[PDB]
Amino acid sequence: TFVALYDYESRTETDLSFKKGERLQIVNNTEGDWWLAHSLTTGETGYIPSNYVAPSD
Amino acid sequence: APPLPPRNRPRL
(Lines give C-alpha, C1' and ligand atoms only; values in the text may rest on other atoms or scores of the structure.)
Protein backbone atom coordinates (compact mmCIF):
# COMPACT_ATOMS: atom_id res chain seq x y z
CA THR A 1 0.00 0.00 0.00
CA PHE A 2 0.99 3.66 -0.25
CA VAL A 3 0.75 6.58 2.16
CA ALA A 4 0.12 10.23 1.37
CA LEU A 5 3.01 12.57 2.13
CA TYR A 6 0.92 15.72 1.57
CA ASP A 7 -2.76 16.56 1.50
CA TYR A 8 -4.30 16.79 -1.98
CA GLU A 9 -7.50 18.61 -2.93
CA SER A 10 -9.17 17.34 -6.12
CA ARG A 11 -8.89 19.60 -9.14
CA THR A 12 -11.31 17.63 -11.33
CA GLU A 13 -14.32 15.58 -10.33
CA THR A 14 -12.63 12.18 -10.84
CA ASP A 15 -9.57 13.04 -8.78
CA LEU A 16 -9.33 11.58 -5.28
CA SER A 17 -8.80 14.07 -2.45
CA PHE A 18 -6.73 12.78 0.46
CA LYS A 19 -4.88 13.72 3.64
CA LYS A 20 -1.28 13.28 4.70
CA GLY A 21 -0.98 9.87 6.35
CA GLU A 22 -3.93 8.35 4.49
CA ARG A 23 -3.36 4.82 3.20
CA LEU A 24 -4.03 4.28 -0.49
CA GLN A 25 -4.19 1.20 -2.70
CA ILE A 26 -2.77 1.91 -6.15
CA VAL A 27 -5.13 0.37 -8.69
CA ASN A 28 -3.77 1.71 -11.98
CA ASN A 29 -0.29 3.13 -12.47
CA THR A 30 0.33 2.70 -16.23
CA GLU A 31 -1.33 5.81 -17.71
CA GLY A 32 1.14 8.50 -16.64
CA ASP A 33 2.03 10.58 -13.60
CA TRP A 34 -1.56 10.40 -12.32
CA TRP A 35 -2.41 7.02 -10.78
CA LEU A 36 -5.84 5.59 -10.03
CA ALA A 37 -5.97 5.09 -6.27
CA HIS A 38 -8.47 3.64 -3.81
CA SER A 39 -8.48 5.12 -0.31
CA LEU A 40 -8.47 2.45 2.36
CA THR A 41 -9.63 5.11 4.82
CA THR A 42 -12.56 6.70 2.95
CA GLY A 43 -13.30 3.97 0.40
CA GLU A 44 -13.29 6.49 -2.44
CA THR A 45 -11.41 5.99 -5.73
CA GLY A 46 -9.97 8.54 -8.13
CA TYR A 47 -6.83 9.91 -9.76
CA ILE A 48 -3.92 11.18 -7.68
CA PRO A 49 -0.55 12.80 -8.38
CA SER A 50 1.98 10.00 -7.93
CA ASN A 51 4.61 12.37 -6.52
CA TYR A 52 2.42 13.10 -3.46
CA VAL A 53 2.49 9.50 -2.13
CA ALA A 54 5.12 6.92 -1.21
CA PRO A 55 5.27 3.17 -0.62
CA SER A 56 4.11 2.18 2.83
CA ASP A 57 4.12 -1.09 4.79
CA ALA B 1 4.17 21.03 -1.85
CA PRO B 2 5.59 19.47 -5.01
CA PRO B 3 4.60 20.78 -8.42
CA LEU B 4 1.66 18.85 -9.79
CA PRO B 5 2.48 16.77 -12.87
CA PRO B 6 0.76 17.41 -16.21
CA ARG B 7 -2.35 15.38 -16.73
CA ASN B 8 -1.97 11.98 -18.30
CA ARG B 9 -2.34 11.47 -22.02
CA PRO B 10 -6.09 11.11 -22.62
CA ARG B 11 -6.99 7.85 -24.34
CA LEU B 12 -9.05 7.76 -27.52
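Scroll up to find the structure.
Parameters at a glance
Residues numbered from 1 in each chain as written, not as in the entry; some residues may be left out. Chains lettered and ligands numbered in written order. Heavy atoms only, no water. Contact = heavy atoms within 4.5 Å. Buried area = accessible area lost by both parts, 1.4 Å probe. Salt bridge = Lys/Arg side-chain N within 4 Å of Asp/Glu carboxyl O. Polar contact = N/O pair within 3.5 Å; in protein donor to acceptor, adjacent residues only side chain to side chain. Pairing = 2+ DSSP bridges. Helix = DSSP H or I, 4+ residues; strand = E, 2+ residues; numbered from the N terminus. Axes fitted to C-alpha atoms, helices over the stretch in contact; angles between N-to-C directions. Core = buried A, V, L, I, M, F, W, Y, C linked by side-chain atoms within 4.5 Å. Buried < 20%, exposed > 50% of the residue type's maximum accessible area, 1.4 Å probe, protein only.

A. Quick peek at the interface of chain B and chain A. Between chain B and chain A, the contact holds ten residues from the first and 13 residues from the second. Between chain B and chain A, roughly 1,000 Å² of surface is buried when both sides are summed, and carbon and sulfur atoms account for 54% of that area. Sorting the residues of chain B by area buried against chain A places B:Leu4, B:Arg7 and B:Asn8 first, and these three jointly supply 54% of that buried surface. Summed over the shared surface of chain B and chain A, the result is one salt bridge. Note that A:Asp15 is salt-bridged to B:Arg7, the shortest N-O span being 2.8 Å. Inspection of the region where chain B meets chain A yields seven residue pairs in polar contact.

B. Spatial organisation of the sheet that holds strand 2 (residues 23-28) of chain A. Residue and element names in this part refer to chain A. As summarised here, the arrangement of the five strands in space is 4-3-2-1-5, forming an open sheet in which the pairing is antiparallel. In this open sheet, the two edge strands, each paired with only one partner strand, are strand 4 (45-49) and strand 5 (53-55). Ignoring which end each strand starts from, the neighbouring axes of this sheet average 45 degrees apart. Pairing between strand 2 and strand 3 (residues 34-39): four bridges, direction antiparallel. Counted as the bridge partner of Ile 26 is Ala 37 from strand 3.

C. Just the nonpolar core, in detail. Residues and elements named next belong to chain A. Counting 13 residues, the largest nonpolar core has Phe 18, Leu 24, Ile 26, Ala 37, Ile 48 and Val 53 as the members making the most contacts within it. Broken down by secondary-structure element, the contributors of at least two residues to this core are strand 1 (2-4), strand 2 and strand 3. The element best represented in this core is strand 3, accounting for three residues. Filtering out sequence-adjacent residues up to four positions away, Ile 48 remains in contact with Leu 16, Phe 18, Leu 24, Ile 26, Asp 33, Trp 34, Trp 35, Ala 37 and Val 53.

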